[PDB]
Every structure is written in structure tokens, then in C-alpha cells.
Amino acid sequence: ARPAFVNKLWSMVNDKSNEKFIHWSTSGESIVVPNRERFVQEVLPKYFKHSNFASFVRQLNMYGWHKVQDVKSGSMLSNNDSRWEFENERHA
């Protein structure tokens, strides 16, 4: 209940050190990574010392958040690997 991980995420997803790198999709319930390159290389190690994007997704799962790598409908999806939208709950 109220872990230090979700408590530190409320400041990173904001826009202080990553001002113009990570923003909300529309009003929450999802995060968007327009430039995962400049982000990870200059943001992932600026909070979790030397972790990788894989470790970041691991914490999101054990706390409640989740990734998004499925192809249900997608009229023209499945054609990009550098810009996705984190989901708060894909399945249960």
C-alpha cells in the first residue's frame, strides 16, 4: 500500500528533469514515450542508477501497471518499436 516506487513515479512522469520527454497520454491511465531513445539513454539511469527498460517494466507489473505488446485489431499497427503507451491494466 503506497510503495516508494509509485511515489517516485509521480515525479518522473511529471516533467521536471524529463521536461519534454515523457508526458501523459491524455488525462492519466496511460503514459506515452515519444522518444524512448533520448529518454532511456538520458532518463532511465537518472533514477535507477544503471537499470534497463526491461527492469522498468518489471516494477510496473509487480506494482499494478503493465506493458502493452498485443495485436488484436490494429488496422495498420505492428509497424513501430520506438513509441508505445504504457497501460494501467491490460489483463487480470
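Residues numbered from 1 in each chain as written, not as in the entry; some residues may be left out. Heavy atoms only, no water.

Per the deposited record, solution NMR is how this structure was determined.

What follows concerns the nonpolar core. Counting residues in each nonpolar core, the largest one holds 16 residues, and the members touching the most others are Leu 9, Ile 31, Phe 56, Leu 60, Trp 65 and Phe 86. Those elements that place two or more of their residues in this core are α1 (4-12) and α3 (53-63). Beyond its immediate sequence surroundings of up to four residues, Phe 56 is in contact with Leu 9, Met 12, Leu 44 and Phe 48. (Core = buried A, V, L, I, M, F, W, Y, C linked by side-chain atoms within 4.5 Å. Buried < 20%, exposed > 50% of the residue type's maximum accessible area, 1.4 Å probe, protein only. Helix = DSSP H or I, 4+ residues; strand = E, 2+ residues; numbered from the N terminus. Contact = heavy atoms within 4.5 Å.)

For the structure shown, the criterion picks out three salt bridges. In this structure, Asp 81 engages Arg 36 in a salt bridge whose closest nitrogen and oxygen atoms are separated by 3.3 Å. You can see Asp 81 sitting in the loop between α3 and β3 (85-87) and its partner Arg 36 sitting in helix α2 (residues 36-41), a full 45 residues away along the chain. The exposure class of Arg 36 is partly exposed, given its relative accessible area of 35%. For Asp 70, the salt bridge goes to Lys 72, with nearest N and O atoms at 3.8 Å. (Salt bridge = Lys/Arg side-chain N within 4 Å of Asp/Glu carboxyl O.)

On to the layout of surface pockets. By volume, the largest pocket amounts to about 760 Å³. Lining of the largest pocket is provided by 32 residues; of these, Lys 67, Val 68, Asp 81, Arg 83 and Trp 84 occupy positions nearest its centre. Of all the elements in the fold, those that place two or more residues in the lining of the largest pocket are α1, β2 (30-32), α2, α3 and β3. Of all the elements, α2 adds the most residues to the lining of the largest pocket, at five residues. (1 Å grid on protein atoms, 1.4 Å probe; cavity = no way out; pocket = protein on both sides within 12 Å on 5 of 7 lines; lining within 4 Å. Points joined across faces, edges and corners; volume = space filled by probe spheres on them.)

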